[PDB]
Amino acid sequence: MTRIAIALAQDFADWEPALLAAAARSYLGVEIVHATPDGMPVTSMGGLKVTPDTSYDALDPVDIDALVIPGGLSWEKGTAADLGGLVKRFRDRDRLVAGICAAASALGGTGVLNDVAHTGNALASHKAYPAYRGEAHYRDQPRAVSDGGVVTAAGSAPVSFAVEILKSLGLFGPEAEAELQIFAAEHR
């Protein structure tokens, strides 16, 4: 069985982790662990008051298969959490790490994007971080990218972000594909 940690924060982007968590948990039998930087409740961009299971510091990769980090306003408000140690903790156990929107650029700041293909909201967004050394690997494309156990996406790409995470986890069978392929039709 698969366990995914979703690292929430104040002003998290409601639409970014939603389809992944709802489909994984309710359709695919995945356990979802929600965490916040200090283990206390946070309020999403859309005003949802959410109580997490745990804090970032308590997350243990020993039995969590993936770390998924949604974007949101904390970065631009100057209150973003320190993800460096948390990302390294998961990488050290060769777990999937996924970041979307502002959190993709925060991943760049950890160094984890230095050596793998990736994307984000914009290359300039990643380059704002001095530790980001991954510029040659950035791919300016609309859909999520998955490479080397790291999945990244722009905040405009929540569906492919979900698909790539599930694919990477070996969970993208017919049920998963049936539930996630339905979102394109309203854009035709």
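Just count from 1 along the sequence shown to find any residue number.
S.K.: With reference to the PDB entry, specify whether the mean Cα temperature factor is higher for 135 to 143 or for 53 to 61.
M.R.: Averaging CA B-factors over each stretch, the winner is 53 to 61.
S.K.: Which of the two stretches, 12 to 20 or 171 to 179, shows the higher mean Cα temperature factor in the record?
M.R.: Result of the comparison: 171 to 179.
S.K.: What's the residue among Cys101, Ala117, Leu107, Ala80 with the greatest CA temperature factor in the PDB record?
M.R.: Across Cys101, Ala117, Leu107, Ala80, the entry lists the biggest C-alpha B-factor for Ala80.
S.K.: Highest Cα B-factor in the PDB entry belongs to which of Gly155, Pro41, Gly47, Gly149?
M.R.: Comparing C-alpha B-factors across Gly155, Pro41, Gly47, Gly149, the top value belongs to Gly149.
S.K.: Which third of the chain holds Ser26 when residues are ordered by C-alpha B factor: lowest, middle or highest?
M.R.: Its C-alpha B-factor, which the entry lists for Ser26, ranks in the highest third among residues of this chain.
S.K.: Divide the modelled residues of the chain into thirds by Cα B-factor and specify which third, lowest, middle or highest, holds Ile4.
M.R.: Its C-alpha B-factor, which the entry lists for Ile4, ranks in the middle third among residues of this chain.
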